[PDB]
Amino acid sequence: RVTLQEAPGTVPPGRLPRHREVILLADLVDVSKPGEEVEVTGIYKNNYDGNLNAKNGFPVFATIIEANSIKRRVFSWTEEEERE
Amino acid sequence: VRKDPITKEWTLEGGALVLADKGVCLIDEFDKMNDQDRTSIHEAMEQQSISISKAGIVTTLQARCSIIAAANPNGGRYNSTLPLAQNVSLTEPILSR
Amino acid sequence: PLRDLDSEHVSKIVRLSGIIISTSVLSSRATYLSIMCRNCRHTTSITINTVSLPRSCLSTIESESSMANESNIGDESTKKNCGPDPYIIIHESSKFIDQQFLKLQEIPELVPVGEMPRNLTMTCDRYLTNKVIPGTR
Amino acid sequence: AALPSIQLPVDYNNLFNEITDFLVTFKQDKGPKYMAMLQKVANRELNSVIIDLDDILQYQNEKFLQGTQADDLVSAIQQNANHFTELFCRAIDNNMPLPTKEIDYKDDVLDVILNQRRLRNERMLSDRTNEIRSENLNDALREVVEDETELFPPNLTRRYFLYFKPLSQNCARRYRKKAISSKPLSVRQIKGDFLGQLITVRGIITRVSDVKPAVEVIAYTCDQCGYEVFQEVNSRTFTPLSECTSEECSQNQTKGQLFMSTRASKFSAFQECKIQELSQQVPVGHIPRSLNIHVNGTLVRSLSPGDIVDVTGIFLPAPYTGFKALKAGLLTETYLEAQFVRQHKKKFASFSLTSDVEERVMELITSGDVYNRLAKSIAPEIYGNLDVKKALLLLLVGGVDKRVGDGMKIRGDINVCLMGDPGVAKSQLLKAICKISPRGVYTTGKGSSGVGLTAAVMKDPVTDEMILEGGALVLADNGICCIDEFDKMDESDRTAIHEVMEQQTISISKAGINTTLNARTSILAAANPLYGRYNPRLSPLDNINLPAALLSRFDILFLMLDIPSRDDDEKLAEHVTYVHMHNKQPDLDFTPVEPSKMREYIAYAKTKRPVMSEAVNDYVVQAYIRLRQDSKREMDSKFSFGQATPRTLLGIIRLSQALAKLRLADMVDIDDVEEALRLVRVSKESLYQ
Amino acid sequence: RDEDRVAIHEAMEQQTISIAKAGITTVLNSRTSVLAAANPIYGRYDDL
Amino acid sequence: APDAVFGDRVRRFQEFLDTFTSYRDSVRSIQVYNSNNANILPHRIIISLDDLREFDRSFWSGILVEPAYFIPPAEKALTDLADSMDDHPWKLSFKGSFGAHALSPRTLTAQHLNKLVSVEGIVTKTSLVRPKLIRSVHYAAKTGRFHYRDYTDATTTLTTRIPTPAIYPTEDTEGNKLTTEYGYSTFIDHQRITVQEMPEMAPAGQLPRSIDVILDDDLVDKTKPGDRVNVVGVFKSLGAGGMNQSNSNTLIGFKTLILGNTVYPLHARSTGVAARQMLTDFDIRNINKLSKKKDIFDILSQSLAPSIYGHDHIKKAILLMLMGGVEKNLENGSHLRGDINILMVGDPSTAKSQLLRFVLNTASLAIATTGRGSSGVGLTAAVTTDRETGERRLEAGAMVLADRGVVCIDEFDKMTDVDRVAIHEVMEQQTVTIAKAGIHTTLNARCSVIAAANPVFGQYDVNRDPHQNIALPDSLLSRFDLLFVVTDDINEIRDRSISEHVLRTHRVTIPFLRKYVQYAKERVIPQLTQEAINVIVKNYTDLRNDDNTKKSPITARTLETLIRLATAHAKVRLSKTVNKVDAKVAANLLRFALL
Ligand SMILES: Nc1ncnc2c1ncn2[C@@H]1O[C@H](COP(=O)(O)OP(=O)(O)O)[C@@H](O)[C@H]1O
Ligand SMILES: Nc1ncnc2c1ncn2[C@@H]1O[C@H](COP(=O)(O)OP(=O)(O)O)[C@@H](O)[C@H]1O
Ligand SMILES: [Mg+2]
Ligand SMILES: [Mg+2]
Ligand SMILES: [Zn+2]
Ligand SMILES: [Zn+2]
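Read top to bottom, the protein sequences are chains L, B, E, W, Z and H. Numbering (the authors' numbering) for the first sequence: 387 to 459, 473 to 483. So the second sequence is numbered by the authors' numbering: it starts at 580 and just counts up by one. Numbering (the authors' numbering) for the third sequence: 147 to 195, 204 to 291. Numbering (the authors' numbering) for the fourth sequence: 3 to 31, 59 to 166, 178 to 729. So the fifth sequence is numbered by the authors' numbering: it starts at 486 and just counts up by one. Numbering (the authors' numbering) for the sixth sequence: 16 to 53, 90 to 138, 151 to 570, 651 to 738.
Put into structure tokens, the structure is as follows:
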């Protein structure tokens with residue numbers, strides 16, 4: 387599970403950044419470490435399970451994003480670089 | 580030794596000196612450290628290792644790192660008429676490393 | 147590395163390195179239990195080497219004897235039912251072993267910047283208890 | 003069989019008959062005592078019945094010495110006290126005389142409801158007997185009437201409370217018995233073998249809770265049938281009833297909904313107090329323990345924090361309330377149910393003249409020399425120090441409080457400060473004065489600080505409301521507050537003392553608190569010079585650490601120096617070494633008066649309010665002018681602790697009033713002002729040797 | 486610090502450390518040898 | 016129904032009790048005492100595992116390894132003997160050598176379960192002593208009869224039993240109501256305590272281990288938190304470790320604890336438990352004999368710390384402090400001190416700490432403190448904690464624990480004013496007063512003090528007055544009864560002699656001294672005599688009216704000091720009165736210390 391927060395530069399003046407929760411499955415885990423801006427492609431769905439609807443108050447729901455692809459918005476070398 | 584706010588587990592964390600083993604540790608405003616920071620810096624520079632005895636844990640960690648520091652003279656201006664030892668708030672044991 | 151464990155390793159054998167940061171107190175677990183039924187006093191035993207005490211008395215399915223069939227009925231028409239969870243443990247005739255928990259995390263030198271170290275829970279028993287102390291690699 | 007039976011040497015019908023006989027027969031060495066009490070109860074002039082076990086023992090011995098048989102009621106009540114309350118109640122309800130005073134518009138509402146209930150009972154009985162007689166189907181008629189009719193039970197028609205008080209040591213010692221109920225015990229000694237008994241505890245009260253109503257029986261009403269339903273409650277919580285349970289609604293198919301009616305319900309006034317051990321009872325190297333006391337009925341508000349008392353009560357169990365995982369069997373908690381309270385030191389407000397007190401007082405005045413005789417009895421183990429003792433006695437007595445009108449206020453309490461060289465026994469005098477006073481408190485420097493003085497915010501366990509717990513200055517209200525090491529305190533404490541001496545209040549403005557406390561208390565302080573011993577080569581104001589104004593804020597400020605002298609040292613050493621050889625003071629021509637008589641006489645004196653005449657006023661103004669003129673020259677030479685100011689005149693007036701009060705007079709005379717000035721001059725001979 | 490100075494002065498001779506707090510009091514065993522190194526004031530030793 | 020093995024074991028233990036006759040007469044003596052003095092003694096005796104070992108090795112091993120099968124038979128046999136010999152059931156306690164079964168909370172494992180153990184450690188927290196309901200008694204008003212019921216639980220017997228959870232009866236068998244008779248019911252006391260590993264034995268830097276102990280009836284309040292204790296009992300398990308029902312959770316195990324039967328407090332250094340020895344008739348004869356010699360004071364003085372050279376007067380003062388005077392309580396309510404205090408200012412190699420540690424090692428109850436080591440709440444017990452029941456409580460400090468003992472302070476001059484004001488009240492009023500949020504109490508702190516201090520200039524100077532050399536408040540010095548100054552002046556003969564002494568060391652015993660001090664303190668309380676009165680009066684007058692420059696001031700405290708020293712010397716003499724010699728000795732010691 388990963389939490390995404392808006393980039394502070396893009397927030398119009400006077401408002402606060404929003405955020406969401408993201409789900410990464412299989413080989414999408416441990417790809418984006420904290421502190422880097424990324425682009426995430428996924429399916430926007432409710433937390434349909436929730437907990438239960440016997441809870442008092444207005445019937446409101448929480449939502450998540452299930453990620454399909456992730457990308458980033473080095474000190475290694477090779478023979479080509481070694482010769483140079 | 581400090582709690583993890585999300586996993587609710589105790590953890591052992593070293594300082595920037597332990598974390599930068601085989602690296603470089605940058606310290607800004609070197610003239611404003613407090614007693615604990617001064618002691619940690621002195622131990623790291625003299626022994627290249629940091630000790631700890633806290634919360635039932637006794638161990639030593641490696642602190643083999645390079646240090647680049649910046650400071651300011653007393654009063655904010657350099658007095659060229661006096662030796663460097665009298666221009667900064669630092670002491671000889673640290674300044675000689 | 148502790149950070150490389152993942153799904154492919156589940157139920158296999160692994161070799162890991164780290165530093166011990168916490169050992170717990172010794173627990174007690176059973177290796178041999180002698181039990182009895184509080185209604186009809188039928189006795190049996192259990193050996194461990204998630205076991206639970208029987209949900210029902212075992213004197214019916216176990217046709218011990220011909221007179222045991224007689225003993226399982228009495229006083230006119232009423233049937234014999236010992237109830238749910240009829241067994242109790244006779245402690246003075248049982249055997250127990252030792253158990254412990256440990257915590258292992260990654261070496262603090264190589265942790266990535268901006269993130270706290272990861273750790274894992276470990277369980278050992280019998281002759282592997284009280285072997286190390288926190289701060290050991 | 004399950005629930006077998008057992009045999010005990012206890013017969014309750016015999017004891018009921020004995021109770022009736024005692025209640026109708028006892029004579030005090059006029060008709061029966063308790064019958065007169067019951068008549069007063071019936072006429073609505075009494076609320077509580079006190080049963081003294083000395084009367085029971087006297088009745089038993091009277092019956093024995095003349096031959097006839099009798100049962101041991103005292104021991105039965107002692108060992109099983111909780112059962113005899115209802116036996117006595119039932120016996121008393123069978124003998125109460127009819128009221129000889131009519132019920133009018135100036136009676137309590139409870140009495141009106143009780144009388145209405147009794148009249149309704151009689152009306153139902155008469156209706157039932159008439160209806161049965163008219164049928165044509178006299179002991180049997182009344183029996184059948186009693187069988188078929190409801191009533192209001194006796195507990196809903198009582199108006200009094202009943203308490204027991206223990207067997208005094210004197211009666212048992214004279215009658216050759218062992219009064220268990222009145223042998224004081226510490227909380228440590230009270231174990232589980234004492235449960236269900238009537239026992240006495242000695243301790244000091246630390247906490248008291250506000251009075252609240254505890255419900256005994258709830259009342260409901262049914263509009264469908266018109267019945268009243270009563271639900272007994274003896275638990276910390278209860279479940280209210282929902283649907284009617286009367287005979288009429290029970291037999292029918294459509295039942296009515298009960299509604300709660302507070303006015304018909306039965307309530308009790310409840311308090312819970314904590315009691316802690318005395319120092320002399322705690323073993324070596326241990327911490328004192330506590331105990332819980334329950335108070336119900338007319339006995340509430342009889343305990344205040346800080347009182348050393350001997351509480352009497354029945355020791356009873358309660359359900360367990362600890363952690364579930366640590367419960368091994370049927371564990372219980374203990375509490376005491378209060379039945380009688382006695383104090384080790386009587387309050388002045390509760391004073392009253394009577395033959396017994398009057399004879400002792402009149403003896404004291406007849407003996408003559410009241411002033412010096414009282415003065416010399418304060419800490420008689422300390423040699424010398426006579427004028428300081430006179431000032432201390434006057435601080436005990438106090439002056440006169442004056443309401444000037446327009447809301448203005450002038451105090452009448454006298455503040456005294458002692459300051460001298462090491463080893464002059466200041467602390468002994470502080471402690472002795474604290475012990476003589478009925479509301480005295482003792483403090484020493486940094487041990488008490490911050491909320492130790494003043495008060496703090498905390499939550500009541502019993503009630504669910506916030507409160508303030510008073511500190512040292514609030515616990516000694518209307519008493520003496522003794523402060524040791526006065527010069528070693530922090531600034532905040534000094535400011536609080538300053539304000540308290542100023543206007544008898546403490547103002548606090550902090551997070552969660554904005555209020556004003558009452559501090560009607562006197563201050564008795566002790567201090568040391570700044571360099572240990574006094575240095576006669578320095579100005580007086582340079583030998584002390586306190587501000588000059590604070591010193592000026594004392595009516596009397598004493599200097600006690602230690603100048604070696606081969607003569608007086610001999611007398612002091614003789615006195616001290618004699619005091620160590622024996623346990624008494626050496627003088628034989630003088631007898632010291634014990635603290636109780638001193639307290640009685642001071643309580644009697646405190647009721648007076650002498651007044652100023654004209655000649656005394658002229659003398660006072662002349663003396664004030666002369667003293668004020670003199671003091672300025674001394675203060676210019678840097679040889680005065682402080683220049684005379686109007687506070688000196690007010691202190692002189694207060695001291696004259698105190699002396700007049702001690703003389704038991706309605707007016708002031710010149711000699712009182714003479715003595716006041718004499719003392720205020722004596723205050724400073726140490727500075728002129 | 487001064488508290489450390491007092492503690493080590495106790496340790497170097499009686500080879501124990503006495504502890505006294507509000508809920509614990511004990512004497513500990515501290516059998517040890519001390520080897521110290523100091524640097525003189527003014528940054529160099531003066532024979533005057 | 017009866018069991019044959021049970022009866023055979025009962026018979027064997029009866030034979031054991033027959034062969035050894037000490038326990039038999041012990042039971043007889045307890046019964047005799049309880050009959051004559053009616090305080091009631093509890094019905095219990097102690098058995099030695101060693102004797103059992105010589106007698107029957109099989110029965111010994113059974114009690115050691117299978118207590119649940121062998122101990123109830125022994126208790127029944129003892130009860131049978133007790134019931135047969137006289138004109151509650153009885154219990155047993157165990158002493159002797161437990162061999163491999165003597166452990167500590169760290170080395171107590173699951174392989175020792177169900178066996179009899181003996182553990183050592185420190186008490187950390189006790190519990191409130193509560194009553195437990197055993198038998199209830201009731202009354203029926205309609206019929207006039209009394210009933211009752213019995214109750215039991217799992218911790219009242221060593222062997223497992225089938226539960227019988229009886230209900231509390233409110234009605235009769237015929238439907239009638241019942242009334243509780245609290246005075247005729249029965250309740251038993253109950254407590255639970257915790258024991259930890261000793262601070263002086265546990266590994267450093269490691270979290271400690273602890274175990275719970277359950278006590279009942281007559282062993283309910285035999286210790287307080289902070290004590291060193293030895294508890295012998297049966298390590299036992301209870302309940303089901305999540306086995307019954309599904310109980311998917313597997314982390315928890317079986318609850319374990321110790322059903323204690325023996326509790327022994329142990330004395331250590333710098334602890335609140337005082338040492339006491341048992342005095343035999345040989346010891347009493349020898350002590351009362353030595354009391355009649357004229358140099359007894361000299362011998363007892365020279366016995367103290369014989370490894371140190373000289374300091375004879377300080378040895379005498381330490382002995383006087385060990386013995387002490389008498390305190391007076393007047394009917395009025397006043398209190399007069401009876402303790403003795405000592406101070407030492409000296410050069411930095413004068414063996415002050417050696418004598419201080421000797422006093423720590425020899426006094427029956429002593430606590431060691433250093434200048435900056437303890438401060439604030441750590442001295443007067445001014446710290447507040449609270450139970451999980453809600454109430455706030457206090458816990459003892461250094462001087463609160465050392466009530467009726469001695470306190471050793473090293474590096475005295477390194478203290479501050481905040482704690483010196485605190486110790487003033489201790490040294491004069493011998494009480495501690497606390498006034499915090501929700502507490503107002505006064506604790507007894509009757510203790511003596513011995514301290515050592517350093518001169519201001521590193522070494523004592525004779526060219527300056529004592530005030531410039533001590534630098535301590537006069538009011539504080541007035542509270543010290545004796546002040547000594549020690550200096551080391553180089554001298555060829557003295558240096559030689561101390562050299563041979565220190566070389567001898569490098570290449651009356653204490654226990655008898657402790658017995659002597661205990662007997663003298665417990666038994667003797669002398670009174671003042673007119674002769675000593677005159678002597679002390681003359682000496683006090685002369686001292687107060689002399690021109691000599693002193694090491695300390697003169698007040699009434701000096702007169703009281705003279706009386707205290709005289710009474711303590713008389714206490715040493717085992718005499719019931721003070722003579723002229725004791726007063727003269729006190730005066731001589733005071734004059735030597737002052738001049
Ligand atoms: N005038 C006196 N008469 C009898 N005893 C005295 C006198 N002065 C001092 N003392 C004794 O000396 C001690 C003085 O201590 P304390 O009561 O604290 O007074 P202070 O605080 O002034 O020194 C007391 O124990 C007291 O018994
Ligand atoms: N009078 C003496 N007799 C025997 N040994 C002495 C004497 N004075 C000093 N010493 C030795 O010198 C050391 C002094 O240690 P310590 O007690 O700390 O002295 P101080 O506390 O005065 O510095 C001790 O180890 C002791 O063996
Ligand atoms: Mg004092
Ligand atoms: Mg020393
Ligand atoms: Zn069964
Ligand atoms: Zn109804």
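Each residue gets a CB set at the ideal place from its N, CA and C atoms; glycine is no exception.
- Message: Using CA atoms only, rank isn't needed, just tell me which of H:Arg456, H:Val728, H:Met490, H:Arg734 is closest to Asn691 of chain H.
- Response: H:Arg734
- Message: My parser needs the beta strand (DSSP E) runs of 3 or more residues fully inside the region 502–533 of chain H; what are they?
- Response: Counting whole runs of 3 or more residues, the region 502–533 of chain H contains the beta strand (DSSP E) stretches 502–507, 511–516.
- Item | C-beta neighbour in chain C for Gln259 of chain H, strict 8 Å | Absent from the structure: chain C. Protein chains present are L, B, E, W, Z and H.
- Just the Cα atoms here: how many angstroms apart are residue 88 of chain H and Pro124 of chain H? Any question about the placement of residue 88 of chain H has no answer from these coordinates, since chain H jumps from 53 to 90.
- Query: Is any heavy atom in ligand 1 found nearer than 7 Å to the beta carbon of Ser718 of chain H?
  - Reply: For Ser718 of chain H, the shortest separation between its Cβ and any heavy atom of ligand 1 does not lie below 7 Å.
- Message: Strictly below 9 Å CB to CB, what residues from chain E border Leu176 of chain H?
- Response: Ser174, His245, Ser248, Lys249, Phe250
- Message: Check whether chain B comes within 8 Å of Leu270 of chain H, counting only Cβ atoms and requiring the distance to be less than that.
- Response: True, the Cβ-Cβ gap to chain B drops below 8 Å.
- Query: What do you reckon, is the C-beta of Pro240 of chain E under 7 Å from a heavy atom of ligand 5?
  - Reply: yes
- Message: Please classify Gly528 of chain Z as buried or exposed, where buried requires at least 16 other C-beta atoms within 10 Å of its C-beta.
- Response: exposed
- Query: Looking at the structure shown, is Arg455 of chain H part of a helix, part of a strand, or coil, going by DSSP?
  - Reply: strand
- Going by DSSP, name the residue or residues bridged to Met459 of chain W. W:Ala567, W:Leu599
- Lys466 of chain W CB to nearest heavy atom of ligand 3 below 7 Å: Yes, ligand 3 has a heavy atom inside 7 Å of this Cβ.
- Give the interface partners of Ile509 of chain Z over in chain H, defined as CB-CB distance under 8 Å, in chain order. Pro262, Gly289
- What is the DSSP secondary structure of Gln293 of chain W, counted as helix, strand or coil? coil
- Output the distance between the C-alpha atoms of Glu377 of chain W and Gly236 of chain W, rounded to the nearest integer angstrom. 11 Å
- Message: From the DSSP secondary-structure annotation, give me the bridge partner or partners of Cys211 of chain W.
- Response: According to DSSP, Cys211 of chain W bridges with nothing at all.
- Does at least one heavy atom of ligand 3 sit under 7 Å from the Cβ of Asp524 of chain W? yes
- Message: By the three-class DSSP mapping on this structure, what secondary structure does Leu314 of chain H have?
- Response: coil
- Query: What are the residues that DSSP puts in a beta bridge with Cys183 of chain E?
  - Reply: E:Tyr241
- Item | The alpha helix (DSSP H) enclosing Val336 of chain H, as first and last residue numbers | Per DSSP, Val336 of chain H belongs to no alpha helix (DSSP H) and is neither H nor E.
- Message: Considering just the uninterrupted stretch of the beta strand (DSSP E) at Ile97 of chain H, what are its terminal residues?
- Response: 95–99
- Query: On the three-state DSSP scale, how would you describe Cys522 of chain W?
  - Reply: strand
- Message: Starting from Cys474 of chain W, trace the alpha helix (DSSP H) in both directions and tell me its first and last residue.
- Response: 466–476
- Query: What residues from chain H crowd round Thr275 of chain E, counting only those whose CB sits closer than 9 Å?
  - Reply: By Cβ distance, chain H contributes nothing, its closest Cβ being about 10 Å from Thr275 of chain E, past 9 Å.
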